[PDB]
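Residue numbers (the deposited numbering), protein chains in the order written: chain k, 22 to 138; chain g, 2 to 155; chain y, 68 to 183; chain u, 82 to 146. The beta-carbon is built from N, C-alpha and C at its ideal position, and this holds for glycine as well. As structure tokens, the structure follows; a few thoughts come after it.
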Amino acid sequence: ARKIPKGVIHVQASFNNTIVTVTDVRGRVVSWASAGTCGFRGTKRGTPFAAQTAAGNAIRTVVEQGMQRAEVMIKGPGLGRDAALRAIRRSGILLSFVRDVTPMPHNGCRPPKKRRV
Amino acid sequence: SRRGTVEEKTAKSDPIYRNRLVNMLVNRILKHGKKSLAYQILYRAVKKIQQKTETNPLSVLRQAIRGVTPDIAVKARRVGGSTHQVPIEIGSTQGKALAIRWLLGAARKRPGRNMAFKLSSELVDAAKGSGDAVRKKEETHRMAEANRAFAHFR
Amino acid sequence: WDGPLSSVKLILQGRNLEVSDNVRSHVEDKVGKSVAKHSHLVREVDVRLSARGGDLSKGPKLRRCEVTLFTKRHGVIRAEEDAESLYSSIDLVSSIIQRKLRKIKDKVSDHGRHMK
Amino acid sequence: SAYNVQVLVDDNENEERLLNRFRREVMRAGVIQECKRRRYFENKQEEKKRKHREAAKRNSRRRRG
RNA sequence: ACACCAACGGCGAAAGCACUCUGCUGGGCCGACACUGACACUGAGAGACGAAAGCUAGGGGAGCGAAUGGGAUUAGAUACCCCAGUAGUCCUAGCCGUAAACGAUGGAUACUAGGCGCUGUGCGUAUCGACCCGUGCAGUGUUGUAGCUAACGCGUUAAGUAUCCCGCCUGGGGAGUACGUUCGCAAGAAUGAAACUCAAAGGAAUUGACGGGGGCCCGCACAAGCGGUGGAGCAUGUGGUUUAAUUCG
Ligand SMILES: [Mg+2]
Ligand SMILES: [Mg+2]
Ligand SMILES: [Mg+2]
Ligand SMILES: [Mg+2]
Ligand SMILES: [Mg+2]
Ligand SMILES: [Mg+2]
Ligand SMILES: [Mg+2]
Ligand SMILES: [Mg+2]
Ligand SMILES: [Mg+2]
Ligand SMILES: [Mg+2]
Ligand SMILES: [Mg+2]
Ligand SMILES: [Mg+2]
Ligand SMILES: [Mg+2]
Ligand SMILES: [Mg+2]
Ligand SMILES: [Mg+2]
Ligand SMILES: [Mg+2]
Ligand SMILES: [Mg+2]
Ligand SMILES: [Mg+2]
Ligand SMILES: [Mg+2]
Ligand SMILES: [Mg+2]
Ligand SMILES: [Mg+2]
Ligand SMILES: [Mg+2]
Ligand SMILES: [Mg+2]
Ligand SMILES: [Mg+2]
Ligand SMILES: [Mg+2]
Ligand SMILES: [Mg+2]
Ligand SMILES: [Mg+2]
Ligand SMILES: [Mg+2]
Ligand SMILES: [Mg+2]
């Protein structure tokens with residue numbers, strides 16, 4: 022739909038799921054891929070594999086737009102942090118920078134308590 | 002088996018064709034240790050399979066087994082209080098075992114008259130990729146792949 | 068005795084003793100309480116009664132009740148009690164069964180997160 | 082904008098060296114242990130526990146090796 | 001609310017105090033004779049401060065989150081888990097005065113091995129400025145001799161050897177309750193019994209047994225196979241009933 026040569030890939034990795042969005046430097050969202058939107062549900066939705074297919078699935082549409090270079094944004098503690106990167110690589114798209122954006126409060130909102138499980 | 006592991010046993014050869022393979026099959030078809038009868042059954046099977054088709058049965062073995070050999074299956078693991086079906090990959094000996102087995106079972110359940118006939122029929126159908134023994138393997142693959150997400154050793 | 072427990076076999080056996088109607092009913096009650104709540108798991112209830120002492124033999128008047136439970140999955144629930152009266156004995160065995168039972172329900176039926 | 086970890090891939094790129102460079106960057110800032118730490122709330126006690134444990138762990142790992 | 005710094009580090013009487021900065025101020029410690037000349041130590045009553053929850057009045061309200069509600073789980077689940085979420089948490093001005101307010105160790109003084117450490121300063125050395133070294137103090141941490149202790153342990157920061165002052169204890173329940181007073185807006189706090197009842201209640205260490213605590217390892221124990229039992233008929237042993245007896249074990 023939009024043919025953009027260089028843009029950025031945000032990959033949010035949480036413990037229950039990983040979202041992968043594709044955007045451009047203008048700060049504009051083109052297309053996104055979620056591990057849940059690939060036909061995975063709650064357990065499997067966290068596994069590094071569902072993150073793999075999520076990444077592959079976004080980069081499908083990004084080569085379909087014909088884009089070449091990208092930056093990678095990794096936000097959050099989950100498993101897909103490592104998994105997704107692999108698919109970004111094997112999907113044969115040039116990797117410019119890989120950054121970690123996981124937000125670290127410098128002090129702040131007092132977290133929920135500890136689950137007694 | 003907690004301590005000891007298993008030594009390897011001499012792989013024999015079927016008398017007529019000098020195969021490791023055919024010998025495997027006659028040992029697994031065996032009941033009440035009548036080897037006398039089992040050989041007869043297996044050979045009248047080679048005879049019905051040379052009857053129906055003019056292709057070399059020695060090869061139809063290789064096709065029958067290549068056809069039913071699963072490369073993967075699952076196994077039930079207990080991981081973190083969660084019971085998973087984890088798709089463990091299969092060794093070659095185990096593959097041949099599984100193979101001959103599903104063959105033999107699907108052969109014992111057939112509608113036919115003899116065991117020779119049944120075994121021949123299922124060898125024919127498995128070599129064509131046309132039968133229950135194959136379908137079974139594809140099911141094992143279907144239920145492996147759906148569970149593909151649970152192999153963390155991937 | 069119970070219908071919700073109809074799937075359970077109540078087997079009541081005097082060893083050296085004669086069984087009455089009041090022992091019948093009392094057994095059904097006290098074992099009934101223990102079993103009724105955990106009935107989904109329970110299978111067979113084996114209760115043996117043993118009397119000793121007084122006029123029968125040497126030693127105090129002991130009456131001793133042994134029960135045994137089986138569950139669909141877990142085998143072997145054993146309880147042994149010694150006391151004064153049959154009634155007392157039974158009350159005791161019930162007290163024990165209850166505990167072991169709900170210990171089994173506790174283990175498996177908790178969705179216990181057992182990680183290892 | 083902001084960043085924690087900067088991994089710049091050159092055109093010698095192969096997957097495994099990249100993946101592990103990045104993995105050691107994350108080990109280096111300690112970010113995943115960090116977000117397992119701020120997931121829930123800790124009273125001062127589990128903070129003193131964590132300090133003694135981790136600090137004396139890496140410290141005795143420095144004094145043994 | 002203050003990441004990294006942060007440390008078995010710093011100050012404080014204790015409670016506690018940490019992003020940065022400035023201002024008003026409390027102590028501490030050290031070196032010099034500069035001075036006074038026993039002015040000391042403790043403390044019944046009394047006074048001040050005193051975590052958090054709580055309360056009165058006014059603000060404030062992101063996150064979290066009693067109560068509360070829904071969703072589950074479970075025999076039940078007024079709980080654990082999830083989804084929401086009010087008091088409260090925050091500020092100003094007060095009240096409350098309780099905590100495992102713990103070093104479970106009242107204070108002061110004197111005196112009795114070391115080893116290894118840190119913080120502050122002082123001296124001599126090293127250079128002529130940072131170390132460096134040896135040392136003098138003041139505090140703070142870990143091993144340990146004498147000696148102490150029921151053991152564990154404590155050991156110049158004593159639980160050692162002595163002197164002085166203060167508080168407290170005199171078997172366990174009943175009970176930190178009742179009654180009465182004092183304080184408090186209340187919640188409550190402080191002071192604190194007796195009848196009655198028991199022959200125990202407690203501390204430290206030991207051997208076991210146990211643990212839905214660890215670590216190691218075995219067994220046809222599970223897995224992987226092959227064949228059975230449970231269903232059908234009979235053969236047979238026991239229980240139950242029956243009987244004059246179904247001998248007893
Ligand atoms: Mg999860
Ligand atoms: Mg071994
Ligand atoms: Mg101090
Ligand atoms: Mg000052
Ligand atoms: Mg004078
Ligand atoms: Mg006083
Ligand atoms: Mg006050
Ligand atoms: Mg408060
Ligand atoms: Mg109130
Ligand atoms: Mg909440
Ligand atoms: Mg509710
Ligand atoms: Mg909320
Ligand atoms: Mg106030
Ligand atoms: Mg007190
Ligand atoms: Mg005290
Ligand atoms: Mg030095
Ligand atoms: Mg000193
Ligand atoms: Mg000490
Ligand atoms: Mg010591
Ligand atoms: Mg003492
Ligand atoms: Mg008394
Ligand atoms: Mg003790
Ligand atoms: Mg043990
Ligand atoms: Mg053990
Ligand atoms: Mg066995
Ligand atoms: Mg053996
Ligand atoms: Mg088995
Ligand atoms: Mg039978
Ligand atoms: Mg006799």
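When DSSP labels each residue in this structure, what does residue i get in the three-state scheme?
i, result
"y:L84", "coil"
"y:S162", "helix"
"y:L123", "coil"
"k:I40", "strand"
"k:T123", "coil"
"y:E151", "coil"
"k:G28", "strand"
"k:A71", "helix"
"y:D69", "coil"
"y:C132", "strand"
"k:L115", "strand"
Is it right to say residue i is buried, meaning 16 or more other beta carbons lie within 10 angstroms of its own, or is it exposed?
i, result
"y:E85", "exposed"
"g:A134", "buried"
"k:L115", "exposed"
"u:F122", "exposed"
"g:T54", "exposed"
"y:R91", "exposed"
"y:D173", "exposed"
"g:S60", "exposed"
"k:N38", "buried"
"u:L89", "exposed"
"y:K170", "exposed"
"g:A145", "buried"
"y:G120", "exposed"
"u:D92", "exposed"
"u:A136", "exposed"
Sort the options by Cα distance to residue i and report the nearest one.
i, options, result
"g:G106", "g:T94, g:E90, g:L120 and g:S93", "g:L120"
"g:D72", "g:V87, g:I66, g:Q86 and g:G92", "g:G92"
"g:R63", "g:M25, g:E146 and g:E8", "g:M25"
"k:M88", "k:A71, k:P124 and k:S112", "k:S112"
"y:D149", "y:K167, y:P127 and y:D69", "y:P127"
"k:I40", "k:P124, k:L100, k:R90 and k:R120", "k:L100"
"y:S117", "y:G179, y:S161, y:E133 and y:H181", "y:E133"
"y:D177", "g:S122, g:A39, g:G82 and g:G130", "g:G82"
"g:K10", "g:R4, g:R21, g:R3 and g:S2", "g:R21"
"g:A65", "g:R136, g:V80 and g:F151", "g:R136"
"k:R49", "k:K65, k:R23 and k:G57", "k:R23"
Taking the C-alpha atoms as reference points, what is the distance between residue i and residue j?
i, j, result
"y:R115", "g:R78", "41 Å"
"g:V47", "g:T141", "29 Å"
"u:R139", "g:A74", "43 Å"
"k:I30", "k:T44", "6 Å"
"k:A75", "u:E127", "37 Å"
"y:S73", "g:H85", "35 Å"
"y:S152", "y:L136", "22 Å"
"y:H141", "y:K97", "22 Å"
"k:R131", "u:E115", "15 Å"
"g:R155", "g:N148", "12 Å"
"g:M116", "g:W103", "15 Å"
"k:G28", "k:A71", "23 Å"
"y:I163", "y:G70", "23 Å"
"g:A98", "g:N28", "11 Å"
"g:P58", "g:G113", "21 Å"
How far does the beta strand (DSSP E) with residue i in it extend, from its first residue to its last?
i, result
"residue 1 of chain g", "There is no way to answer for residue 1 of chain g, as the model of chain g reaches only from 2 to 155."
"k:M94", "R90 to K96"
"g:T56", "Element bounds for g:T56: n/a, residue is neither H nor E."
"k:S55", "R49 to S55"
"g:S14", "From DSSP, g:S14 is part of no beta strand (DSSP E); its letter is neither H nor E."
Could you give the residue range of the alpha helix (DSSP H) that holds residue i?
i, result
"g:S131", "No alpha helix (DSSP H) holds g:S131; DSSP gives it neither H nor E."
"u:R118", "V112 to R118"
"g:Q95", "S93 to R109"
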